[PDB]
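*Asks:* kindly generate the corresponding structure for this input.
(chains A, B and C, ligands or ions: 3)
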Amino acid sequence: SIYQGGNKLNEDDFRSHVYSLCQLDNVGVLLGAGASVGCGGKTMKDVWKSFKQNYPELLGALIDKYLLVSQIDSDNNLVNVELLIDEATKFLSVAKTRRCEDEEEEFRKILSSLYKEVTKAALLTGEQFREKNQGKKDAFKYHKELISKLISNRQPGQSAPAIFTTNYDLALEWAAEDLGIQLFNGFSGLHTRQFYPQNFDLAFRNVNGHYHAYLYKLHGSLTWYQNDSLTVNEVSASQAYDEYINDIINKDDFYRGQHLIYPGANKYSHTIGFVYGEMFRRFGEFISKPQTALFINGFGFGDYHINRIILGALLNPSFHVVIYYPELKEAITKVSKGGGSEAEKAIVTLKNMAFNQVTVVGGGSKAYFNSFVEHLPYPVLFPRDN
Amino acid sequence: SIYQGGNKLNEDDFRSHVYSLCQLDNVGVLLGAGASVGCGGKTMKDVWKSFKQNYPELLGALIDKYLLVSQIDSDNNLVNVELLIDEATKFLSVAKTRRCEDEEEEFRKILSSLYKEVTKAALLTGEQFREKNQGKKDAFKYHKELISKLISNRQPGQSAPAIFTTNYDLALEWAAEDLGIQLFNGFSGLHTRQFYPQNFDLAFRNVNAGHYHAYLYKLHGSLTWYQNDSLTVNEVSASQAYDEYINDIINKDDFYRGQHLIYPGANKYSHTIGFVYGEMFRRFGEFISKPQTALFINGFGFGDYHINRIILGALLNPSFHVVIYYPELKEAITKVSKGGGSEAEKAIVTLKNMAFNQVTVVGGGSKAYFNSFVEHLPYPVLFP
Amino acid sequence: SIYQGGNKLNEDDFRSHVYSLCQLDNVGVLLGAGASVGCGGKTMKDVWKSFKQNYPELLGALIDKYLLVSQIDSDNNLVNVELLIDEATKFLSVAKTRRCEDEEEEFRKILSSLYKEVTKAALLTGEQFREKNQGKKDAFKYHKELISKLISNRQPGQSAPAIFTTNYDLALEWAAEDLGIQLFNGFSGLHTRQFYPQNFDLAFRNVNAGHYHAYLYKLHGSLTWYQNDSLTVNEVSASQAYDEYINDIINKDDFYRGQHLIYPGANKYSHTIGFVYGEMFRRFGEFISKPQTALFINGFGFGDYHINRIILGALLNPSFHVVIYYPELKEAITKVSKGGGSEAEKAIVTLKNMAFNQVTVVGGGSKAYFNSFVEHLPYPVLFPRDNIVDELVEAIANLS
Ligand SMILES: NC(=O)c1ccc[n+]([C@@H]2O[C@@H](COP(=O)([O-])OP(=O)(O)OC[C@H]3O[C@@H](n4cnc5c(N)ncnc54)[C@H](O)[C@H]3O)[C@H](O)[C@H]2O)c1
Ligand SMILES: NC(=O)c1ccc[n+]([C@@H]2O[C@@H](COP(=O)([O-])OP(=O)(O)OC[C@H]3O[C@@H](n4cnc5c(N)ncnc54)[C@H](O)[C@H]3O)[C@H](O)[C@H]2O)c1
Ligand SMILES: NC(=O)c1ccc[n+]([C@@H]2O[C@@H](COP(=O)([O-])OP(=O)(O)OC[C@H]3O[C@@H](n4cnc5c(N)ncnc54)[C@H](O)[C@H]3O)[C@H](O)[C@H]2O)c1
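*Replies:* Residues are numbered from 1 along each chain as shown, chains lettered A, B, ... in the order given. Ligands and ions are numbered 1, 2, ... in the order given. The protein structure is shown below:
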């Protein structure tokens, strides 16, 4: 629930709040890991569990040789993988300057298998993934709802809603032409498609219908890769499945960064990709807009740049924010005894920030994509005095 | 329980009045000593008592050789270092003109002992004053919140707000760095911090197309406000200030001339070396000449002569409102009626008794403290 | 000895073009290590030489058991100090993970000695670092004048330029703060500092109409910069650093405890300092979106990657203007012919062979002096070109 000075609050207040915020000029939707959980998605903990189960030798070596993770820490349920890739890369640069060969196989296989597992926890449908007609499955219904609601609540003089989703899975570009609404992905042509960031000026206008939305993913894509020519590309899904996913899954060759996405601890250790620059240019250039609203469904509070380029620029009271945090009382009790991770402590700032223009939203599992897109209203035509 | 010019007002009506006033263009402030004193600060009387317990050797001779106060007068608690520093300086100048070596040594001791208690109890952090992370200290949250408020309901086309106070509490910049606020106090720079009028005309702008501000003004000298006595007034960071010329004075019982310019004296003109005054009040009066502008005062007796000489002659401009917080207004009214008051009581009772309504009164004990100031100054509301 | 697109032009046209380019609305400058040699800086070769003199028993064992450097490159002073320090931190963390102490204490002493030999040079004032107003010296005063020459001939509402130099001393802070200019670098505040980066993209303006403001883009960090125990970044007045961590870094022998400081590029692998450093790089790159980006190259070793990454990315710009300052080609051609130069020399000489008219080179021996750079800039017509301040200052000083 919501408390204000020791008095309970009703849901209608928050409903009217979000309705009015949507009525503001600009709006944006942030979508974290919770963007797709009911479609078959899994959290990083499940990825690590599958990684350790598939290759127990790696867990044994970690327990014995180096101890980059402790059993008690895993029991505490705080295992982090984001630091493990960067640890491995720093280790391997050290070895490349040291020339220790007999100890490389362990870590190179660790990289290969970890990337395999991470890429495996996002298809959400297994073999069913490959065939067509998936776009019409009941699983992807809510994405259609969002693709409809916010794309038409745009009277002349207002910009289209912003998409900010940062997960592995593929669920945003398959409800697009199912209902015909293009959440712009920007890849022209039929056979040879190239990525051109200069396509940031797309908008339909009726000259002689008038539907557009805005895509901005803070995760890369499950099908973005570098071909040694300094390029990135997303193409059809089953095409990639039949092309290169099988090679990574089975062959497990000496790993080069076949398809580049950056789930890890330090992004700048992956500074080869400046598209991070563009995406966070957008997300740091949007918070400053006055009379703008942000609907945050799934902000894990774990990443650094997100949690440092939110508060650092909230200091103008015309941009309005709110987050859907499932566990309110449990999280408050946990934080009162020391806090959680390094970045999530920023919640305390919003628990105590000097902006009387927000209020936390929670309740538990009832604040995911489903309710997030269901609780919004539909545009009303022909208002009457009443 | 609130009156103005013969018109009654209640709590809800008072809240509406203060909100409507806050919608006016400009609102001033006086976060008097009754804001940080409660948090652990000390008043001039407490400093006087601390000095009395310290240096227990003069009390016998001074009450006999010079008689600057009697036992009955001391009991009455009618002391004020404001004039006592001036009298000590006059005494010592006489001594130097006449060369009573004992008098010179005695009054050097008097000066270098009296200019310490007012400072060495004005840190509120002990030796931690050289450390960092003191901005996030829980003892200043009040300040933090207030500043945010006074920058939220500031719509475009209205001048920046005014904070006017002088007290020895190093607080406001210890509440502007957690919040990212950027107050201005006429100075500039980390390492070489001095006065610079060119910094009085800076406003925040967005180059592409998160900015907070407010105005600071001190009228007595900050604990880090000093000069090299060679036509060079300087300000210094907290740690360097503790390191260079503040540790010995605290804990070495040595001599002390006017090292760092702090003016708790009364005459404030014998020290014509200090031009600070000459400029700061240039703004205070200039702050109150406007119409449809308010001033807030948090627990002020109005003791100073200069303060009640540009204020009483400010109500002449009609729409200039004014606000005073005073718990024990009855005491001042009675003392004035008894005809035994100083600048403070006379001026306060005069401005309360004026038949006009530009006077706004807040009182009732602790209800006039900083808590009401934080509670009342309003946030904007659009979707209640 | 003037080269401009391969076409020779008279001196009058050269000076006219230089003056016209010197008064551009948009200016983007990236000065190299050698460009500031005349300002009193010390090249990293001297730092390494003094380091080896301090501890000449390290290079042999270093190569023998770590191969961190090649013998020839170290002998010829072709090693990277910041890269070596970062790789030393990498070895140190590896040893901490695997408890390779016999290597941890073999790295600790050399790391602290690198500190002792590098930090001692960046202050530029030694015992006078503890004194205020130290930037008033006439030698550096000209720099302030340049700022005036870069601000006294600028119209209102003009675009913001940016100049980044490899040297990262705090002389800029002392100069600006004796000049009374406020600074928005991220450490906004004075008593308990923090890093607030949004103000990067804001500027000071006058409510009535003065136009004196600059952006402190210290991509390199700076001598004060140190992360305290809290996962944040702070700053200190000069005396704080000069009497709490500069001293042991210069006076005591081996007073090294852990990963604390923010120079040079020390803890990249940790998220915090990575966001501390790379954000300025990005936000500069977040500003080079204009078609008139300007670049300058001087003494680049072609060993870096991220800077080289952006260089390769942006080198395909038809509207790119390049100016190179390197008065060493005459003395380097013979060295290259005899035995061959380094990677940077080969790269630059190969690039020069390209028939591009957008690359300019400035030379002429004595003509490349700092003073000549000062006069080459525009000069106000109405400014009094006479010597009267000196006499008045002397008369005032004589009194009392
Ligand atoms: N060029 C680019 O676009 C770019 C740049 C930098 C980073 N990235 C990507 O952006 C970042 C996003 O990664 P991400 O997957 O961690 O973001 P995320 O918000 O989707 O997930 C963060 C975490 O929150 C957890 N979580 C979800 N629901 C929760 C709940 N109810 N309670 C507690 N925890 C919950 C998830 O298990 C875990 O993913 C990664 O660094 C990387 O994937 C992309
Ligand atoms: N900067 C300058 O050069 C300059 C210029 C003009 C005047 N002055 C000085 O300004 C005048 C005021 O000095 P001051 O502002 O530092 O205060 P003060 O020390 O001179 O007066 C006593 C102090 O005790 C506080 N106090 C006492 N009882 C209180 C209560 N019940 N509630 C709240 N606060 C209470 C008052 O706020 C404060 O005035 C002096 O008379 C005069 O010397 C200085
Ligand atoms: N990774 C880089 O190449 C790079 C580039 C610019 C700045 N920095 C900053 O540089 C470090 C601090 O600045 P600094 O004191 O090292 O100034 P610096 O002048 O030494 O650094 C500028 C450049 O000079 C190069 N260089 C250094 N020594 C060289 C040598 N002996 N021969 C050829 N080239 C050489 C370096 O590749 C590069 O850092 C920090 O790690 C980091 O903040 C690093």
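*Asks:* only C-alpha atoms from now on, for both contacts and neighbour counts.
*Replies:* Will do.
*Asks:* residues from chain A in reach of chain B?
*Replies:* Applying CA under 8 Å from any CA of the partner chain, one finds that chain A approaches chain B through A:17, A:288, A:312-317, A:354-356.
*Asks:* the same query, at a cut-off of 7 Å, please.
*Replies:* By the criterion of CA under 7 Å from any CA of the partner chain, the positions of chain A lying close to chain B are A:17, A:288, A:313-317, A:354.
*Asks:* now list the buried members of the residues you listed.
*Replies:* Burial of these was assessed by neighbour count (16 or more other CA atoms under 10 Å in any protein chain shown); the buried members are A:288, A:313-317, A:354.
*Asks:* got these as TSV, with secondary structure and distance to ligand 2 columns?
*Replies:* Supplementary listing: those in TSV, determined by DSSP: H, G, I helix; E, B strand; the rest coil; distance: CA to the nearest ligand atom, whole Å:
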residue	secondary structure	distance to ligand 2
A:288	coil	39
A:313	helix	36
A:314	coil	35
A:315	coil	32
A:316	coil	33
A:317	coil	33
A:354	coil	26
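*Asks:* quick check: which element contains residue A:215?
*Replies:* The secondary structure element spanning residue A:215 is strand A:214-217 (assigned by DSSP states H and E).
*Asks:* who's in contact with the helix or strand just after that strand?
*Replies:* Toward the C-terminal end, the helix or strand that comes next after strand A:214-217 (DSSP H and E) is helix A:237-240. In this structure, residues lying in contact with helix A:237-240 by CA atoms under 7 Å, 6 or more residues apart in numbering or on different chains are residue A:130.
*Asks:* go on, stretch A:260-273?
*Replies:* For stretch A:260-273, the surrounding residues in contact (CA under 7 Å, 6+ apart) are A:82-83, A:85-86, A:220-221, A:224-226, C:269-271, C:274, C:306.
*Asks:* same check, this time on stretch A:133-140
*Replies:* Outside stretch A:133-140, the residues touching it (CA under 7 Å, 6+ apart) are A:39, A:171, A:174-175, A:178.
*Asks:* hmm, back to that, how far off centre is the strand holding residue A:215?
*Replies:* Between the centre of strand A:214-217 and the centre of its host chain there is 11 Å, according to CA atoms, centre = their mean, to the nearest Å.
*Asks:* can you give the strand pairings for it, parallel or anti for each?
*Replies:* Within its sheet, and counting by DSSP bridges, strand A:214-217 is paired with strand A:162-165 (parallel).
*Asks:* which residues sit against the partner strand?
*Replies:* Taking contacts as CA under 7 Å, 6+ apart, the residues outside strand A:162-165 that touch it are A:27-32, A:214-218.
*Asks:* change it to 8 Å
*Replies:* Strand A:162-165 is contacted by residues A:27-32, A:35, A:213-219 when judged by CA atoms under 8 Å, 6 or more residues apart in numbering or on different chains.
*Asks:* are any of the residues you listed buried, and which?
*Replies:* Of the members of these, the ones counted as buried by neighbours, 16+ other CA under 10 Å, are A:27-32, A:35, A:213-219.
*Asks:* how about the residues of chain A by chain C?
*Replies:* Proximity of chain A to chain C is confined to A:65-68, A:86, A:90-91, A:94, A:97-98, A:265-269, A:271-272, A:277, A:281, A:304-305, A:309, A:312-313, A:342 under the rule CA under 8 Å from any CA.
*Asks:* and the residue lying closest to residue A:153 once chain neighbours are set aside, what element?
*Replies:* For residue A:153, the nearest residue in space outside its immediate sequence neighbours is residue A:379; the separation is 6.0 Å by CA to CA, 6 or more residues apart in numbering or on different chains. Secondary structure from DSSP H and E places residue A:379 outside every helix and strand.
*Asks:* give me the number of residues near residue A:379?
*Replies:* Burial of residue A:379 is recorded as 11 neighbouring residues (other CA atoms under 10 Å in any protein chain shown).
*Asks:* state the distance from it to ligand 2.
*Replies:* Residue A:379 sits 56 Å away from ligand 2 when distances are taken as CA to the nearest ligand atom, to the nearest Å.
*Asks:* confirm for me that that residue is in contact with residue A:151.
*Replies:* No: in this structure, residue A:379 is not within contact of residue A:151 by CA atoms under 8 Å, at 10.4 Å.
*Asks:* how about the residues of chain A near ligand 1?
*Replies:* A:32-34, A:43-44, A:166-167, A:217-220, A:262-264, A:267, A:275-276, A:279, A:298-300, A:302, A:326 (CA under 6 Å from any ligand atom).
*Asks:* helices of the stretch 101-250 of chain A, start to end?
*Replies:* Using DSSP state H, counting those that start in this stretch, the helices of the stretch 101-250 of chain A run over A:104-120, A:141-152, A:237-240, A:246.
*Asks:* distance from the first one to the middle of the chain?
*Replies:* The reference is to helix A:104-120. Mean-position distance between helix A:104-120 and its chain equals 22 Å (CA atoms, centre = their mean).
*Asks:* which parts of that helix are buried?
*Replies:* A:107-120.
*Asks:* closest one of those residues to ligand 2?
*Replies:* Top of the list for closeness to ligand 2, among the buried residues of helix A:104-120 and by CA to the nearest ligand atom, is residue A:118 at 63.7 Å.
*Asks:* quick check, central residue of chain A?
*Replies:* Taking CA atoms, centre = their mean as the criterion, residue A:166 is the residue nearest the geometric centre of chain A, at 1.7 Å.
*Asks:* give me phi/psi at residue A:28?
*Replies:* Residue A:28 adopts backbone torsions of phi -150, psi 150, taken as degrees, to the nearest 10.
*Asks:* settle this for me: it is touching residue A:161, isn't it.
*Replies:* Yes: the pair residue A:28 and residue A:161 passes the contact test of CA under 8 Å, sitting 5.5 Å apart.
*Asks:* and for residue A:9, the neighbour number?
*Replies:* Residue A:9: 12 surrounding residues under other CA under 10 Å.
*Asks:* no no, residue A:181
*Replies:* Neighbour count of residue A:181, defined by other CA under 10 Å: 18.
*Asks:* what sits against it?
*Replies:* Neighbouring residues of residue A:181 by CA under 8 Å, 6+ apart: A:147-148, A:175, A:211-213.
*Asks:* what's the closest non-adjacent residue to residue A:17?
*Replies:* For residue A:17, the nearest residue in space outside its immediate sequence neighbours is residue B:383; the separation is 7.0 Å by CA to CA, 6+ apart.
*Asks:* that older thread, ChimeraX command for the buried members of the residues of chain A next to chain C?
*Replies:* With 16+ other CA under 10 Å as the burial test, the buried ones among the residues of chain A next to chain C are selected in ChimeraX as follows:
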select /A:86,90,91,94,265,266,267,268,269,271,277,304,305,309,312,313
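*Asks:* just the ones of the residues of chain A next to chain C in helices?
*Replies:* Cross-referencing the residues of chain A next to chain C with the helices (criterion: DSSP state H) gives A:86, A:90-91, A:94, A:97-98, A:277, A:281, A:304-305 as the overlap.
*Asks:* sticking with residue A:323, tell me its helix or strand.
*Replies:* Under the assignment given by DSSP H and E, the secondary-structure element containing residue A:323 is strand A:319-325.
*Asks:* which outside residues touch that strand?
*Replies:* The list of residues contacting strand A:319-325 from outside it, by CA under 8 Å, 6+ apart, reads A:21, A:287-299, A:357-364, A:367-368.
*Asks:* just the buried subset of those residues, written out for PyMOL, thanks.
*Replies:* A single PyMOL command is used to select the members of the contacts of strand A:319-325 judged buried by 16+ other CA under 10 Å:
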select buried, chain A and resi 21+287+288+289+291+292+293+294+295+296+297+298+299+357+360+361+362+367+368
